[PDB]
Structures are given as structure tokens and as C-alpha cells.
**Student:** 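Structure incoming, see below.
The figures that follow rest on heavy atoms only: side chains count, while hydrogens, waters and symmetry mates do not. When a ligand or atom number is given, it counts from 1 through the structure's own listing order. Throughout, protein chains are lettered first and strands after them, A, B, ... in sequence-line order, and every chain is numbered starting at 1.
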2 protein chains.
Amino acid sequence: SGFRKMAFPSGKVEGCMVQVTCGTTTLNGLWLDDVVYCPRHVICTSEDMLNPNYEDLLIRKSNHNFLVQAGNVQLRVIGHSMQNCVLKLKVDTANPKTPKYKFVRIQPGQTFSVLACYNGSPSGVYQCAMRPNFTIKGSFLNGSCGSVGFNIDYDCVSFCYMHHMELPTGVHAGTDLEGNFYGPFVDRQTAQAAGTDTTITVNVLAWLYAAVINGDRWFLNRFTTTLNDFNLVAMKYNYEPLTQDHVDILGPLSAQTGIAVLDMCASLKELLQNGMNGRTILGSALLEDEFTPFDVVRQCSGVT
Amino acid sequence: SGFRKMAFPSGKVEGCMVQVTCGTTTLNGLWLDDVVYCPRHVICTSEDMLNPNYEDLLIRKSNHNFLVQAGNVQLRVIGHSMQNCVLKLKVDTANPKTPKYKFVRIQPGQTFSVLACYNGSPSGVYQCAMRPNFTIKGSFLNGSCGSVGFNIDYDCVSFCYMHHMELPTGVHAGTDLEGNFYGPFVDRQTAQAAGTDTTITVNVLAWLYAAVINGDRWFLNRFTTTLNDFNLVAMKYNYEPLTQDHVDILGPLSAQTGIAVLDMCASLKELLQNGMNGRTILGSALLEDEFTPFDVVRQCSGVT
Ligand SMILES: *CC(=O)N1CCN(S(=O)(=O)c2cc(C)ccc2C)CC1
Ligand SMILES: *CC(=O)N1CCN(S(=O)(=O)c2cc(C)ccc2C)CC1
């Protein structure tokens, strides 16, 4: 029993972290086979970041300008290219610790683990979600860029995030490993505001299932609702509209608990309308929305 | 910017996890040099657990009864001994992935990372604290026992916890790596109730410093207090009495923020007396007490 915000074991990703330096800028790269992936803003001076022309900045950079270091051993760069907002540095050595891996572009509401690194060295691991506004709520200081977000399916690491940006509101923006930003964000120091941080309804419901499974049940009530009635309440409280797809995804948690998805919706409806009244659910005083239905099943069943 | 419940990178510990089976019971062992550490209740039938005599149960066990498996390779057991509530299984092979390590018995209020494992395979990593009642609030299913808690100082893993027990209230009890339980808990299926779960005052104050550092400042007020006045309020709300040692430990966060420890105490006092009034601090609706002052400095400065 017990339910905790859990990250994937970071070992397979730790073995892929290197340091990349172009001139005076140091950040993290991801070393997979004979390619090191890193944010293209490694080629910028802070000056450049107001309105950088990356193609033009890149022309001034040669292979030998990209200093790549795995622990205390230097990698030889034999090629470099820009793909969207990332650089791919071809090195002469395949990373011997390359795990089985995929690159996946995740949907908003999907969760992943971040290995926060500085100078290619891991500092820690935490769980994130891609927010509906395509920000993530991270812990990233100067030097953390190139830190990656990932899921693990048994032995295969699916890399979904590379850290690039902090918005003036202290939320985080970045790319998939093909260098395409999540949402409308750009690697430029400009006016970029996050849109509404909407709550991931399907994740809250999953987490309410996790609570019932782990003995926290005070918020169960005698009510039910409909998708359309619940969605009137979702709208008011800036929650994602709940769809039949979301209902279908909650099926297995429904089955195991014997609580109909729409009855749990009626519990969430009452919690939205009445608050927690100073009570807690799985050690939280607000409605947690960074566990997926998959995350709840995984943790509640002890998958490895 | 941003502040997250962060675990240590788990790689160094992942390389130490094995599976231990005695008869029908499978749990996790920790493989360091040529010794595998595991809970002694691996020798029990569920029947035994009502009132086990471990010395007498152990007499029936030989080296060859302890099946130790690192991934898909079997380790040869050449000796076994009971130290308090753990077994030490001597194997003929030093773990080649043994990191630099120490065993440390932590004090209540100290934090650590747990690598949750099942059948010697890592499922995930989360941050815990040793609670003042010597429980931890974990995520542990059947098969998770032998999962360990640890801190990392640069390259040295300090193992502080091995998971042994769930109390009927769904909180967790276990041992240091010398097999001594934290608190009054025993590896017997009996009436064991946790005492008062008191809030770690010094950790809450640290986390209030983390909030100010990361821009959450609405709870700062025009008041100060004294240790004795604050402690009257701590008593009422089941918070640990704040000591000059705690004040001294908060010194560096005091220095960096320019907020006197006792002024922050007055903010915490008002939050205890008036609640959050539906507001949040670093994404929380309650007062977080599982970050140490050390944890805040570490995360806020990007140590690796
Ligand atoms: C995330 C991360 O490590 N970084 C992104 C933000 N920069 S920066 O904008 O401070 C910067 C400074 C300098 C001197 C050159 C280039 C950049 C982007 C730090 C790195
Ligand atoms: C934490 C963990 O993995 N375990 C502790 C609790 N036991 S048990 O009490 O269910 C048990 C069952 C059997 C059949 C033998 C011995 C024990 C302790 C499961 C393991």
C-alpha cells in the first residue's frame, strides 16, 4: 500500500548523459549510439538569445568547437547538423551504455521522468506531465538544458523531452528528441506567456481511483453524473473536458474498484464545488493531475 | 527556477539489486562486494509471521536454500548469517557494479530516496523522510521488501533504509543496513500502531525558504516571533519543537534570502493559525515537511 509520485529508475539515462560546451556555454547532451543530442542554443552568447539566427550562428562552428565529455573522457566530434531546435553531434564512438530506446512525441496529460543534470552529471529525478498548455512544471537552473524526459517500457527508454527554456513565470518549455518544441514556444528570449494551466481531468480521476485502492475513501458520495453535466463543472474550474476516450481509459480502474467512472466523476464534481474542507487525499490537499491511468495501474500492480 | 520533490539518480543502486528466494517467498536483496543484504523474514512462511523464532527458523536453512539472482545469472551462496533483522548472504562473486558506499542510521526528519523493486527489478524512485514516529510514507506492495533507501554524496551511496513492514494504517517500517529497525517496530505480524505523525518544523521552514527563492512569497508577513512563542503554536499543531540547532541549520537559507529564521517562523505561525485560504505554495495546498535545509540548498544550487 501507499501511493507516491514515482519516477522511472534513471540508470539507463544516467549512462547517456554527457557535457556539451560551445565557447563559454556548457549544457547537457544525450549520447545514443554515435550521436549526441543537445539544444541548439549551446552555440549562442546570451546576447544572441534576443533574436538568434541559428543557421548563421552555426556557420561559425566547426566539429572541433563542440567539446563533448562523458565523465572524464573526451568524445571526438566527426559531424554536426541542426534538426529543428536540437543539434546532432556525430562522435567516432558508439555509447557502450546505449539502452534500447525510441523517440516519442507525447500528448498533453502524459507523464514522464526528468533526470535533472548539470555539466553532464545527474543531480536528481522527478516525475512531470506535459501540461495542456505544453509547459512542464520542472526544477531547472542554468546548466540544466539538455536534461531529458523519458518513460521506460520494461527495457526500452522512450525519450519524449529535452529541456530548453524557462518562461518569466518559472514554468518550463522544451522539445521532443527531433528538436520540435511542445506548444508554441521558441528558443528566443522574448515575450512568451503560457496559456491557461488547465487540470488534466482523466489524471485526477485516475488518482481518485489510486486513493480508493490505498484506503482514502471519505470523498466517495451517493451521486452520479453524465459526461455533459460533469463537463459544465469542468468548464467552470478550468478542467479538460472529459471524453468517452477518457472514460474508456479509466475502465480497468473502474473494474478493479467496482466504482463506475461517472460515480467517481460525481465525487470529483463535489470536491470541485465544495473543496477538501481541510482534509487530504493520498497526502495531498489539492487534486493531483500528474498521474495517468497507466501510472496508477503500473504503481498499484508493481510493474518493473 | 522551479522546486520539485527530487530523488537521487538511482543508477548506482539499480546495479546492486538482486532477487532473494527462500522456499516460496521472493523479495529484494542488496548486493555490495561479496555480501547480499535482505530482510530475515525471507525465511518465513506467512504462518511463521504471527510469532516467528528467526534463530530456530534459520537452523532449517542452508546456503543452497538461498536462491540469489542478479538479472538472469545465479550467485553462489558460500555463507549466511543473521545480523539483527537482516540476513547477510556471502556469495563467491564481488558485485562488479559495487559503488563507493556507507551504511548510515539516519535521524527522524532526514530525507532519502527509495528505489522500489519487485523480484530484484527496479519499478521506480521517490523521495521519503524518516518520520518523527520512525515510520516512512512509502509505496510498497508484496515483493517490495529488501528495497532500500539511500542518499548520494557525489560518488558515495549512504544506504540508510531497507523495507521490511507495512502497518495496518498503510505506513512503512524498516531497518538500517545493520538490520536494526527505526523506532519500536518488529518483523512480526502483531498490533503495532504508529505514534503521532508530527510535522518536521525545520523541513517546513526550509521549504518556505525554497518557495521565496522560487518566487512564491504571498505568505511573508510583517511579524516576527521567538523560539518559545513559536513552540507554543508548534505544540498545538503537532509540529516538532524548533531548537537553536534548527535555527543554526537554516542559517545559510536565512543568509541567501535575507529573511531572519524567526520572521519565517512568524510566517509559518500565521499559516498554521489561518491556513492557506485556498492558495498554494510551490504547487502544494499543505505545508511540505520532506525537504531538509540541505535538500533545499542542494536543489537551489544544482549540486551533482
Ligand atoms: C537551461 C540552460 O541551461 N540554459 C538556458 C538559458 N541560458 S542563458 O539564456 O542564460 C544563456 C547564457 C549565455 C551566456 C549563452 C547562451 C544562453 C542561452 C543558460 C543555459
Ligand atoms: C514487503 C514484502 O515484500 N513482504 C512482507 C510481507 N510479506 S507477507 O507477510 O505477505 C509473507 C508471506 C509469506 C507467504 C511468507 C512470508 C511473509 C513475510 C510478503 C513479503
**Student:** Parallel, tilted or perpendicular: which fits the ring planes of B/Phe150 and B/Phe8, with parallel below 30° and perpendicular above 60°?
**Tutor:**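 Geometry flag for B/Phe8 against B/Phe150: tilted rings.
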**Student:** Return the set of residues passing ring pair (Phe, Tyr, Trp, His ring centres under 6.0 Å) with B/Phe159 (not counting sequence neighbours), or none when no residue passes.
**Tutor:** none
**Student:** Fit a plane to each ring of B/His41 and B/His164, take the angle between them on a 0 to 90° scale, and name the class: parallel (under 30°), tilted (30 to 60°) or perpendicular (over 60°).
**Tutor:** perpendicular
**Student:** Got a list of side-chain donor-acceptor pairs under 3.5 Å for residues 122-131 of chain B, not counting sequence neighbours?
**Tutor:**
from     : atom 1 : to       : atom 2 : distance (Å)
B/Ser123 : OG     : B/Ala116 : O      : 2.9
B/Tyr126 : OH     : B/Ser139 : N      : 3.0
B/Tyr126 : OH     : B/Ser139 : O      : 2.9
B/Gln127 : OE1    : B/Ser113 : N      : 3.4
B/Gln127 : OE1    : B/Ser113 : OG     : 2.7
B/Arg131 : NE     : B/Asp197 : OD1    : 3.0
B/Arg131 : NH1    : B/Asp289 : OD1    : 2.8
B/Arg131 : NH1    : B/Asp289 : OD2    : 3.4
B/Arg131 : NH1    : B/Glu290 : OE2    : 2.8
B/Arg131 : NH2    : B/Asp197 : OD1    : 3.4
B/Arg131 : NH2    : B/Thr198 : O      : 3.3
B/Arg131 : NH2    : B/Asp289 : OD2    : 2.8

**Student:** If we count only N and O atoms by modelled type, under 3.5 Å, do the side chains of A/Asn214 and A/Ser1 hold a donor and an acceptor together?
**Tutor:**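 Looking only at side-chain atoms, A/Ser1 and A/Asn214 do form a donor-acceptor pair, the distance falling under 3.5 Å.
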**Student:** For ligand 1, find each of its N or O atoms that sits under 3.5 Å from a protein N or O atom, and tabulate the pairs with distances to one decimal place.
**Tutor:**
from     : atom 1 : to       : atom 2 : distance (Å)
ligand 1 : 3 (O)  : A/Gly143 : N      : 2.7
ligand 1 : 3 (O)  : A/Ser144 : N      : 3.2
ligand 1 : 3 (O)  : A/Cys145 : N      : 3.1

**Student:** Scan for salt bridge (charged side-chain N to carboxylate O under 4.0 Å, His left out) pairs involving residues 167-176 of chain A, sequence neighbours excluded, and state none if there are none.
**Tutor:**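 For residues 167-176 of chain A: A/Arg105-A/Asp176.
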